[PDB]
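**Student:** here is the sequence, then the experimental structure:
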Amino acid sequence: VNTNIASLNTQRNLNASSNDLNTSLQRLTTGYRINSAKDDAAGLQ
Amino acid sequence: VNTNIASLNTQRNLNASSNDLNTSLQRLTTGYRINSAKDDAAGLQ
Amino acid sequence: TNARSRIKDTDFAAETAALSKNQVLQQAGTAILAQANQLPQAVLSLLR
């Protein structure tokens, strides 16, 4: 079949993966598991 | 017999055939089984 | 989107077979006509 590719579902998953990847790298750079970003704002506060 | 040819009935069938043929080719070009035409307007809608 | 294809996306792996059938019919009924239109010719050529 040609009209589209259901396997773009694969793509979606990778977008999530890359998001996680980048955030992990941030945490690995600074050593701060709570980014200076809002994320987990409780511990941040 | 000569006054006419009952076998023109064959012709009629072919007209239908060619109609189907053309529509199939349209569906095969775009990959859309529902032509942009009205045909099967429910699924179209 | 997957639904949109289940609506639109022709399973042309079947419609290919349908396609051949139509092409096939064009060919066949045609050859039948090439035969059919020889009938009256024969009828009169002989009765004369």
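**Tutor:** Now that the structure is in, tell me what you want to look at. Residues are numbered from 1 along each chain as shown, chains lettered A, B, ... in the order given.
**Student:** going by C-alpha atoms from here, please, whenever you check contacts or count neighbours.
**Tutor:** OK.
**Student:** can you dump the C-alpha coordinates of stretch C:14-23 into CSV?
**Tutor:** Written as CSV, here are the backbone C-alpha positions of stretch C:14-23 (Å, rounded to 0.1, in the frame of the first residue of the first chain):
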residue,chain,number,x,y,z
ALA,C,14,-6.2,-6.3,-5.4
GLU,C,15,-7.2,-3.5,-7.8
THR,C,16,-4.3,-4.6,-10.0
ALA,C,17,-6.1,-7.9,-10.6
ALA,C,18,-9.3,-6.0,-11.2
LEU,C,19,-7.4,-3.8,-13.6
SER,C,20,-6.0,-6.7,-15.6
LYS,C,21,-9.5,-8.1,-15.8
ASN,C,22,-10.8,-4.9,-17.3
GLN,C,23,-7.9,-4.6,-19.8
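**Student:** that stretch: which residues count as buried?
**Tutor:** Buried residues in stretch C:14-23, counted by 16 or more other Cα atoms under 10 Å in any protein chain shown: C:15, C:19, C:22, C:23.
**Student:** redo those as a markdown table? Include distance to chain B and secondary structure.
**Tutor:** Converted to a markdown table, the buried residues of stretch C:14-23 look like this (distance: Cα to the nearest Cα, whole Å; DSSP: H, G, I helix; E, B strand; the rest coil):
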| residue | distance to chain B | secondary structure |
| --- | --- | --- |
| C:15 | 7 | helix |
| C:19 | 6 | helix |
| C:22 | 6 | helix |
| C:23 | 7 | helix |
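**Student:** burial of whichever residue of chain C sits closest to chain A, as a residue count?
**Tutor:** Minimum separation of chain C from chain A (Cα to the nearest Cα) falls at residue C:9, amounting to 5.4 Å. The number of residues packed near residue C:9 is 21, by other Cα atoms under 10 Å in any protein chain shown.
**Student:** three-state assignment of residue C:35?
**Tutor:** For residue C:35, the assignment made with DSSP: H, G, I helix; E, B strand; the rest coil gives helix.
**Student:** what's near enough to touch the residue of chain A found nearest chain C?
**Tutor:** Distance from chain C to each residue of chain A (Cα to the nearest Cα) is smallest for residue A:3, at 5.4 Å. By Cα atoms under 8 Å, 6 or more residues apart in numbering or on different chains, residue A:3 lies in contact with B:30, B:31, B:32, C:5, C:8, C:9, C:10.
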